[PDB]
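The structure appears below as structure tokens.
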Protein chains: 2
Amino acid sequence: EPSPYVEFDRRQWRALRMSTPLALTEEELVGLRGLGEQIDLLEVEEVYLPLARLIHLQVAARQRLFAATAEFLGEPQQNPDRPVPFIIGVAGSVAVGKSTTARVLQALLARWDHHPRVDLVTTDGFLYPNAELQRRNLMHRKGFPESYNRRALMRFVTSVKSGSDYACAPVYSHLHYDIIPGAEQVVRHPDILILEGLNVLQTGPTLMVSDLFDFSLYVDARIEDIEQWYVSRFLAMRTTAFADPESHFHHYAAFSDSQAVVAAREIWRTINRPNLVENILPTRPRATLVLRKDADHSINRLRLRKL
Amino acid sequence: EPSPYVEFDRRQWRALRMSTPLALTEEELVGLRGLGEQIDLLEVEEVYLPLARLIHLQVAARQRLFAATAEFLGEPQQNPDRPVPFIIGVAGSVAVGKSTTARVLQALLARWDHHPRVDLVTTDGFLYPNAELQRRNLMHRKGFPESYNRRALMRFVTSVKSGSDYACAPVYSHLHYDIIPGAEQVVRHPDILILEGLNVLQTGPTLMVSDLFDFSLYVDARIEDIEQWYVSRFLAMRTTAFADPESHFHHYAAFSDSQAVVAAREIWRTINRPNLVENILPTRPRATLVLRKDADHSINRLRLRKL
Ligand SMILES: CC(C)(CO)[C@@H](O)C(=O)NCCC(=O)O
Ligand SMILES: CC(C)(CO)[C@@H](O)C(=O)NCCC(=O)O
């Protein structure tokens with residue numbers, strides 16, 4: 001039974017670190033992890049370092065591929081100070097830790113030798129404004145494929161990967177739970193662009209950003225564990241983000257553990273689980289590398305696409 | 001407005017032939033074209049030669065990419081007499097000429113310098129036997145995604161691309177309109193494998209053969225023209241394939257131009273058009289190179305994916 005994938009346990013995967021240096025301190029790591037995340041420097045060494053190696057081995061090889069098409073076309077040469085940007089997709093369910101995984105990865109690749117311009121963009125900013133969502137009757141579908149301005153998103157990544165000087169992306173506010181009027185994240189010809197979002201690995205009747213990814217990550221975990229992380233993180237936010245009177249969810253701060261648990265579960269039941277099951281998980285088979293986490297948040301199993 | 005594609009008219013595309021030699025005679029070409037096809041040596045020079053170049057430029061570059069992952073993994077070296085097979089997908093509607101396009105391409109790549117083992121496989125053989133189709137009530141859905149043993153198909157391509165020594169594929173009979181009992185096409189570690197079929201470019205909830213393609217072709221034409229080619233070819237077959245008393249469609253041989261036209265159109269209307277519109281055409285955006293044909297069958301426009 002041949003397979004396009006090859007599996008690894010942490011032991012087998014850490015050995016592939018070779019002599020990749022760790023350019024991240026305990027403090028720096030901290031300002032990168034999210035509430036609830038258990039990621040430590042050891043996990044960054046045994047897991048994120050090999051990955052950082054594999055990515056660098058493929059950034060060069062991926063360039064030969066575009067070089068070929070350039071040659072074929074009898075095109076210039078591609079200023080070495082402006083090669084074709086390596087796009088990386090990071091996917092997974094809400095609360096599975098993917099935003100941390102992305103932030104940490106950007107940190108490791110930025111500290112690679114020639115100091116690459118490694119930008120990071122969350123699909124958060126490509127969600128339709130609340131007003132527009134209400135219009136489409138989608139206010140209770142945030143995160144589902146249809147609640148994002150997919151065309152704009154694709155326009156953005158195509159722009160960057162096609163060598164444009166700069167490209168803009170809207171910015172989403174978690175505090176206000178809506179797109180921020182007039183706010184934009186400018187990305188200027190990075191060497192690497194990481195795109196993090198729920199369905200970035202999705203495929204369809206049109207060319208999508210998944211078709212432009214040169215490498216993709218899917219952070220995974222048993223669904224039940226993710227719900228616990230979700231609920232738990234919800235309760236913890238009563239004294240962090242919800243505490244802020246400006247917060248759209250401020251009314252949640254005064255909930256009892258019990259009341260809050262009921263609320264979190266309902267949201268999970270009606271929005272996040274469905275989206276995970278119907279849209280996110282079906283895209284897992286296509287990811288270059290899947291990071292599997294045990295109930296403790298620890299990455300103890302990995303699946304790589306060798307084909 | 002940046003784009004992942006770059007378009008060409010025949011004039012611009014022929015210039016990319018450079019000094020690629022034509023190793024195909026008038027006779028040889030003939031035994032490769034299908035009834036109704038208007039392909040001549042000129043079209044092979046101005047269109048198939050550049051393509052043969054682009055493919056060879058990418059076969060090398062595509063190998064660097066697998067080489068990287070091999071290095072990363074600290075794997076052997078890959079016997080140069082056994083590198084990772086370059087898979088090519090050729091898609092398009094029934095009667096658009098794709099089978100010819102595939103056969104011609106195999107001919108050109110086989111006559112490349114080091115004489116590569118270039119195998120060709122049609123998804124014909126992965127259709128469920130008529131008995132099995134009747135069971136699933138699919139006898140009038142031949143060609144639709146669900147009428148193929150998709151799992152077996154994927155098993156086959158995965159086997160070949162993963163370096164297996166040999167892999168078997170069932171053989172379909174057009175004469176009998178069913179799978180041939182006990183017949184098999186053996187493919188032994190080719191250097192290049194071309195897969196031709198209606199929906200080979202299809203994508204889904206599982207890893208599919210489109211995910212294993214290193215390069216893909218989509219033969220295209222206005223839908224109305226394809227119907228005319230289809231109908232026309234149907235009538236012409238009254239004196240070729242349908243003439244054979246063994247032919248499952250022998251009853252069609254005695255049809256009048258009028259009767260046959262009515263029959264062809266009904267089949268097109270109920271089976272081939274729907275499948276083209278619902279399943280085949282939505283996969284066009286993902287093809288590396290689209291070959292567009294005018295009402296005369298002539299390829300006068302091409303769209304390449306540079307991203
Ligand atoms: C997890 C995100 C950030 C998805 O964008 C969050 O906006 C979400 O899933 N909201 C669902 C609707 C709600 O929170 O009531
Ligand atoms: C074009 C093919 C070869 C598709 O496999 C042919 O088997 C087909 O589309 N048949 C449809 C059913 C029929 O011909 O009545």
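By convention here, the chains of the structure tokens are called A, B, ... in the order presented, each chain's residues are numbered starting at 1, and ligands are numbered starting at 1 in the order presented.
Residues of protein, DNA or RNA lying at most 9 Å from ligand 1, when only C-alpha atoms and all ligand atoms are considered, are residues 93, 94, 95, 123, 124, 125, 127, 139, 140, 141, 142, 143, 144, 147, 172, 174, 177, 178, 197, 198, 249, 267, 268, 271 and 272 of chain A.
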Go through region 235-289 of chain A and collect every residue that DSSP, computed from the backbone, puts in helix (DSSP H, G or I); the answer should be as number ranges by chain.
A: 235-239, 250-252, 257-286
Got time to write the residues from that selection, C-alpha atoms, as an mmCIF file, in the first residue's frame?
data_model
loop_
_atom_site.group_PDB
_atom_site.id
_atom_site.type_symbol
_atom_site.label_atom_id
_atom_site.label_comp_id
_atom_site.auth_asym_id
_atom_site.auth_seq_id
_atom_site.Cartn_x
_atom_site.Cartn_y
_atom_site.Cartn_z
ATOM 1 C CA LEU A 235 -13.838 31.330 30.208
ATOM 2 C CA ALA A 236 -10.300 32.653 30.570
ATOM 3 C CA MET A 237 -11.139 35.623 28.365
ATOM 4 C CA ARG A 238 -13.696 36.874 30.879
ATOM 5 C CA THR A 239 -10.738 38.430 32.675
ATOM 6 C CA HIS A 250 -18.026 42.609 27.384
ATOM 7 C CA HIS A 251 -21.359 41.202 28.574
ATOM 8 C CA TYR A 252 -19.638 37.820 28.785
ATOM 9 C CA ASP A 257 -18.173 29.475 34.920
ATOM 10 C CA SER A 258 -21.415 27.584 34.334
ATOM 11 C CA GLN A 259 -23.158 30.296 32.338
ATOM 12 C CA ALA A 260 -20.044 30.886 30.232
ATOM 13 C CA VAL A 261 -19.577 27.185 29.559
ATOM 14 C CA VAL A 262 -23.136 27.005 28.284
ATOM 15 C CA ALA A 263 -22.506 30.001 26.070
ATOM 16 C CA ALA A 264 -19.185 28.727 24.687
ATOM 17 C CA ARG A 265 -20.638 25.322 23.871
ATOM 18 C CA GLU A 266 -23.568 26.826 22.054
ATOM 19 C CA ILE A 267 -21.243 28.866 19.853
ATOM 20 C CA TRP A 268 -19.084 25.809 19.256
ATOM 21 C CA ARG A 269 -22.136 23.690 18.498
ATOM 22 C CA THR A 270 -23.723 26.132 16.084
ATOM 23 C CA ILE A 271 -20.777 27.783 14.364
ATOM 24 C CA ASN A 272 -17.278 26.421 14.929
ATOM 25 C CA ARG A 273 -17.867 22.682 14.978
ATOM 26 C CA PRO A 274 -20.001 22.717 11.780
ATOM 27 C CA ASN A 275 -17.445 24.825 9.951
ATOM 28 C CA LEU A 276 -14.635 22.560 11.158
ATOM 29 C CA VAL A 277 -16.444 19.428 10.042
ATOM 30 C CA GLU A 278 -17.952 20.741 6.784
ATOM 31 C CA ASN A 279 -15.204 23.030 5.513
ATOM 32 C CA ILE A 280 -11.907 22.895 7.370
ATOM 33 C CA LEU A 281 -11.257 19.185 7.885
ATOM 34 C CA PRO A 282 -11.997 18.253 4.294
ATOM 35 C CA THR A 283 -8.974 20.359 3.292
ATOM 36 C CA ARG A 284 -6.577 18.478 5.572
ATOM 37 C CA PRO A 285 -5.560 15.832 3.037
ATOM 38 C CA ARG A 286 -3.986 18.499 0.822
#
I want to know what sits within 10 Å of residue 69 (chain B), based on only C-alpha atoms, with residues of the same chain fewer than 2 positions away left out; could you give that as an MDAnalysis selection string?
(chainID A and resid 54:55 57:58 61 304:307) or (chainID B and resid 64:67 71:75)
Report the distance between CA of residue 56 (chain A) and CA of residue 53 (chain B) in Å, rounded to one decimal place.
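Here the two named atoms are 28.5 Å from each other.
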Selected residue of minimal separation from chain A among B:254, B:180, B:152, B:223, counting only C-alpha atoms
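For chain A, the nearest of the given residues is B:152.
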For each of A:84, A:153, A:241, A:291, take the minimum atom-to-atom distance to chain B, counting only C-alpha atoms, then give the residue where this is smallest.
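Going through A:84, A:153, A:241, A:291 one by one, the smallest distance to chain B is for A:84.
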Residues near region 19-26 of chain A, anyone? I mean within 7 Å using only C-alpha atoms, not counting same-chain ones fewer than 2 positions away, as a JSON list (two decimals) with N, CA and C atoms, in the first residue's frame.
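This went into around.json:
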[["chain", "number", "residue", "atom", "x", "y", "z"],
["A", 17, "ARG", "N", 16.33, 17.80, 12.66],
["A", 17, "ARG", "CA", 16.70, 19.17, 12.95],
["A", 17, "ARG", "C", 18.11, 19.45, 12.43],
["A", 28, "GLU", "N", 10.84, 36.17, 23.85],
["A", 28, "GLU", "CA", 10.33, 36.35, 22.50],
["A", 28, "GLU", "C", 9.22, 35.35, 22.18],
["A", 29, "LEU", "N", 9.42, 34.10, 22.58],
["A", 29, "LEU", "CA", 8.43, 33.05, 22.35],
["A", 29, "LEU", "C", 7.11, 33.42, 23.02],
["A", 30, "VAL", "N", 7.20, 33.91, 24.24],
["A", 30, "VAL", "CA", 6.05, 34.32, 25.02],
["A", 30, "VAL", "C", 5.18, 35.33, 24.30],
["A", 41, "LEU", "N", 10.12, 26.34, 24.29],
["A", 41, "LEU", "CA", 11.31, 26.27, 23.46],
["A", 41, "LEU", "C", 11.69, 24.85, 23.05],
["A", 45, "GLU", "N", 12.30, 23.51, 19.23],
["A", 45, "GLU", "CA", 13.54, 22.87, 18.79],
["A", 45, "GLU", "C", 13.30, 21.53, 18.10],
["A", 49, "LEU", "N", 12.03, 23.62, 14.26],
["A", 49, "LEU", "CA", 13.33, 23.77, 13.62],
["A", 49, "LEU", "C", 13.47, 22.90, 12.37],
["A", 53, "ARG", "N", 13.83, 24.00, 8.42],
["A", 53, "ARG", "CA", 14.86, 23.47, 7.53],
["A", 53, "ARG", "C", 14.18, 23.05, 6.23],
["A", 108, "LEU", "N", 10.94, 32.34, 13.16],
["A", 108, "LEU", "CA", 12.06, 31.49, 12.80],
["A", 108, "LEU", "C", 12.61, 31.81, 11.41],
["A", 111, "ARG", "N", 14.65, 35.09, 11.15],
["A", 111, "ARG", "CA", 15.98, 35.00, 11.71],
["A", 111, "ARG", "C", 16.87, 34.04, 10.93]]
DSSP on the backbone, then: every residue of region 123-244 of chain B marked strand (DSSP E), written as a VMD selection string.
chain B and resid 166 to 173 178 to 188 192 to 196 215 to 221
Store the residues picked out above, limited to N, CA and C atoms, as a tab-separated table (two decimals), in the first residue's frame.
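This is the output file result_17.tsv:
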chain	number	residue	atom	x	y	z
B	166	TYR	N	5.99	-1.82	-10.97
B	166	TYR	CA	4.91	-1.96	-11.94
B	166	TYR	C	3.57	-1.68	-11.26
B	167	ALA	N	2.59	-1.28	-12.06
B	167	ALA	CA	1.25	-0.99	-11.56
B	167	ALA	C	0.28	-1.38	-12.67
B	168	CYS	N	-0.84	-2.00	-12.30
B	168	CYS	CA	-1.81	-2.41	-13.30
B	168	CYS	C	-3.04	-1.51	-13.38
B	169	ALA	N	-3.63	-1.47	-14.57
B	169	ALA	CA	-4.82	-0.66	-14.80
B	169	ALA	C	-5.78	-1.47	-15.68
B	170	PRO	N	-7.08	-1.44	-15.37
B	170	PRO	CA	-8.05	-2.19	-16.18
B	170	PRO	C	-8.12	-1.58	-17.57
B	171	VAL	N	-8.61	-2.36	-18.53
B	171	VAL	CA	-8.71	-1.88	-19.89
B	171	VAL	C	-10.16	-1.82	-20.30
B	172	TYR	N	-10.55	-0.72	-20.93
B	172	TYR	CA	-11.93	-0.55	-21.36
B	172	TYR	C	-12.06	-0.83	-22.86
B	173	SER	N	-13.17	-1.44	-23.25
B	173	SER	CA	-13.41	-1.73	-24.65
B	173	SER	C	-14.46	-0.77	-25.20
B	178	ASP	N	-17.72	-1.76	-22.45
B	178	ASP	CA	-17.62	-2.28	-21.09
B	178	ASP	C	-16.16	-2.61	-20.79
B	179	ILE	N	-15.86	-2.85	-19.51
B	179	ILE	CA	-14.52	-3.21	-19.10
B	179	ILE	C	-14.25	-4.61	-19.62
B	180	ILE	N	-13.02	-4.86	-20.03
B	180	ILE	CA	-12.63	-6.16	-20.56
B	180	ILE	C	-12.17	-7.11	-19.46
B	181	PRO	N	-12.90	-8.21	-19.27
B	181	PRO	CA	-12.54	-9.18	-18.24
B	181	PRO	C	-11.10	-9.66	-18.36
B	182	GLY	N	-10.35	-9.58	-17.26
B	182	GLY	CA	-8.97	-10.04	-17.25
B	182	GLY	C	-7.89	-9.23	-17.95
B	183	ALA	N	-8.28	-8.16	-18.64
B	183	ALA	CA	-7.32	-7.34	-19.36
B	183	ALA	C	-6.67	-6.29	-18.47
B	184	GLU	N	-5.37	-6.10	-18.65
B	184	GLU	CA	-4.66	-5.10	-17.86
B	184	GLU	C	-3.53	-4.42	-18.63
B	185	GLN	N	-3.30	-3.15	-18.31
B	185	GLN	CA	-2.23	-2.38	-18.93
B	185	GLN	C	-1.18	-2.25	-17.85
B	186	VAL	N	0.00	-2.80	-18.08
B	186	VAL	CA	1.05	-2.72	-17.07
B	186	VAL	C	1.96	-1.54	-17.35
B	187	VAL	N	2.23	-0.77	-16.30
B	187	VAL	CA	3.09	0.40	-16.41
B	187	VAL	C	4.28	0.17	-15.50
B	188	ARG	N	5.48	0.19	-16.08
B	188	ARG	CA	6.69	-0.06	-15.32
B	188	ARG	C	7.58	1.16	-15.17
B	192	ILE	N	7.90	9.36	-17.40
B	192	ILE	CA	6.78	10.26	-17.56
B	192	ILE	C	5.52	9.43	-17.76
B	193	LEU	N	4.44	9.85	-17.13
B	193	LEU	CA	3.17	9.15	-17.26
B	193	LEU	C	2.14	10.19	-17.61
B	194	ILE	N	1.43	9.97	-18.71
B	194	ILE	CA	0.39	10.90	-19.10
B	194	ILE	C	-0.95	10.25	-18.80
B	195	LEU	N	-1.81	10.99	-18.11
B	195	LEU	CA	-3.14	10.52	-17.75
B	195	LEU	C	-4.18	11.35	-18.47
B	196	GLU	N	-4.96	10.70	-19.32
B	196	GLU	CA	-5.97	11.39	-20.10
B	196	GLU	C	-7.37	10.97	-19.70
B	215	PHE	N	2.13	18.65	-14.12
B	215	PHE	CA	1.78	19.53	-15.23
B	215	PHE	C	0.46	19.04	-15.81
B	216	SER	N	-0.41	19.96	-16.20
B	216	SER	CA	-1.70	19.56	-16.74
B	216	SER	C	-2.13	20.36	-17.96
B	217	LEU	N	-2.87	19.69	-18.84
B	217	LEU	CA	-3.38	20.28	-20.06
B	217	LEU	C	-4.89	20.20	-20.09
B	218	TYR	N	-5.52	21.24	-20.60
B	218	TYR	CA	-6.96	21.25	-20.74
B	218	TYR	C	-7.28	21.69	-22.19
B	219	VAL	N	-7.77	20.77	-23.00
B	219	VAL	CA	-8.12	21.08	-24.38
B	219	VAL	C	-9.51	21.70	-24.34
B	220	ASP	N	-9.64	22.91	-24.87
B	220	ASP	CA	-10.89	23.64	-24.80
B	220	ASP	C	-11.46	24.11	-26.15
B	221	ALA	N	-12.74	24.46	-26.14
B	221	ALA	CA	-13.40	24.96	-27.33
B	221	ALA	C	-14.79	25.44	-26.92
If you measure from CA of residue 297 (chain A) to CA of residue 98 (chain A), what distance in Å do you get, rounded to one decimal?
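CA of residue 297 (chain A) sits 11.3 Å away from CA of residue 98 (chain A).
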